[PDB]
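Have a look at the structure that comes next, please.
Should a chain be cited, it is by its letter among A, B, C and D, assigned in written order, with residues numbered from 1 in that chain.
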Amino acid sequence: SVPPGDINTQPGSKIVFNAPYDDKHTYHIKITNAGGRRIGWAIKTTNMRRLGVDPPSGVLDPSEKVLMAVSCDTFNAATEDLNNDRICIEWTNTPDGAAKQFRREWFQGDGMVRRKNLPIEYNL
Amino acid sequence: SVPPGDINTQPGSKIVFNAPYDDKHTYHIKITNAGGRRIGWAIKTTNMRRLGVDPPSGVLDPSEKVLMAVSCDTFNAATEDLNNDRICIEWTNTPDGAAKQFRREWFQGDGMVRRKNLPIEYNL
Amino acid sequence: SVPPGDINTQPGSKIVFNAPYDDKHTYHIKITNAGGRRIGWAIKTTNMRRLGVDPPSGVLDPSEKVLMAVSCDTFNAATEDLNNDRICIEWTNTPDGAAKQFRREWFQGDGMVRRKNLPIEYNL
Amino acid sequence: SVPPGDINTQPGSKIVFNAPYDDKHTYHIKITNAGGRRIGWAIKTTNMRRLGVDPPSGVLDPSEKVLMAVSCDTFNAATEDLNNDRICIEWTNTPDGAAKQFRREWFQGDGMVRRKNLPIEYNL
């Protein structure tokens, strides 16, 4: 079809997790549909074990926005890696007559898919 | 960046596998860079067990073309599923000064990725 | 008297506030008495208006620890200064036979006072 | 950093103000840097109204010394408080490459601060 529009994030470059890490911390993100047509987006992390999202996917009209929540479980910054965590944002436009309900398919089918990465910075 | 150009396939819609399935059959595909800029492409199947590709990924200048070979091992069209096989083609443009050598990364970064599906039709 | 012992913080260098700034966010800090004797500590910020602490002061035995909560009200990262916020930690040892209850006086007295700074980093 | 060195005073324990109190009396103090490194010092009184200092703060190399002048305005011993006056001496070491010029900051900063009290004795 036609390349999708951009989205806006807050933060818009990274995301910092401040210690101490001995309690489930919950940060937030603002997704904003900068685009002209609707969109479908979905999130992917690098640590299903540690991080958590919700909601993991959705539909946004244009100029519409959403607030999703990232979680971080406890852990041991001493031991684990901290340079390789990331937050992945995928989105694409929605099929000519779509319903407000995310449909995985949209990605699977032939078409264009956009990305954005939000890396996690661990602050000790 | 900028949405990638289209590619051309032969076949361009599906791909049929004719029985009997008692040997390893080897079909072919023609990928053609219809685009204006170089591209990086890579293939994904739905049955790592049954199908096989080669080469699995590459770089194509514009108007350049390639011939890849699909394989199909023996099996038992009685017992297994045949409605769910697929061939996946992913491609994207290449970084402003790239070396002719596919680099996975190209996909990983933030940006645009195109896809095309070639479904496998089993003919009994 | 005798120079006070060190304390440990989590984080231990700075503290990041991630946008968006349209909701009161509440971060935490871990203070830990690395010292050999009891201590009295108290906190000072640079923006009584924006930030907030609690508890603002206390007493910690040795090896004892505390968790204080920093708050951040809403604001307008476009208007305000963001390079000049700081978190101040002051502590000193306690009088030979003290009761666990912070006493301002301890500072006002004759002897030694230790300071540690936690600067606030605003992440947009 | 590192705990500061001691200083020496003359007097070194108190300071007496002899009546009559019907005129501005001007006493003196000798501050002496007993320490190994430079220092920054500053004075605080308990009666901005009655007492006065000058100079109020300075820098002293090691073994260097200074003479500051305390003032005492007229008043009415017969009724005013006389048990609560004090003279406060604060000092700390100076930043590795400092300019002989007192900088308030030094105190505000990340480090240790020493005190010494000179109480005022009113002699009737």
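Remarks
In this section, a contact is a pair of C-beta atoms (placed from the backbone, for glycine too) under 8 Å apart; a residue touches a chain by one contact, two chains touch by 3 or more.
Repeating the A-B interface with over half of its contact pairs identical by residue number, the matching pair from A-C or C-D is C-D. With each centre defined as the average position of its C-alpha atoms, the distance from chain C to chain D rounds to 29 Å. Averaged C-alpha coordinates put the centre of chain B at 83 Å from the centre of chain D. Between the CA-based centres of chain A and chain C the separation comes to 33 Å, rounded to the whole angstrom. Rounded to whole angstrom, the centroid-to-centroid distance between chain B and chain C, based on C-alpha atoms, equals 59 Å. Contact with two or more other chains is made by no residue of chain C. Screening every pair of chains for touch gives A-B, A-C, C-D.
Within the complex, the chain A residues that touch chain B are 2-3, 108-117. Chain contact summary for the complex, chain C toward chain A: residues 10-16, 18-20, 23, 27-28, 30, 123-124.
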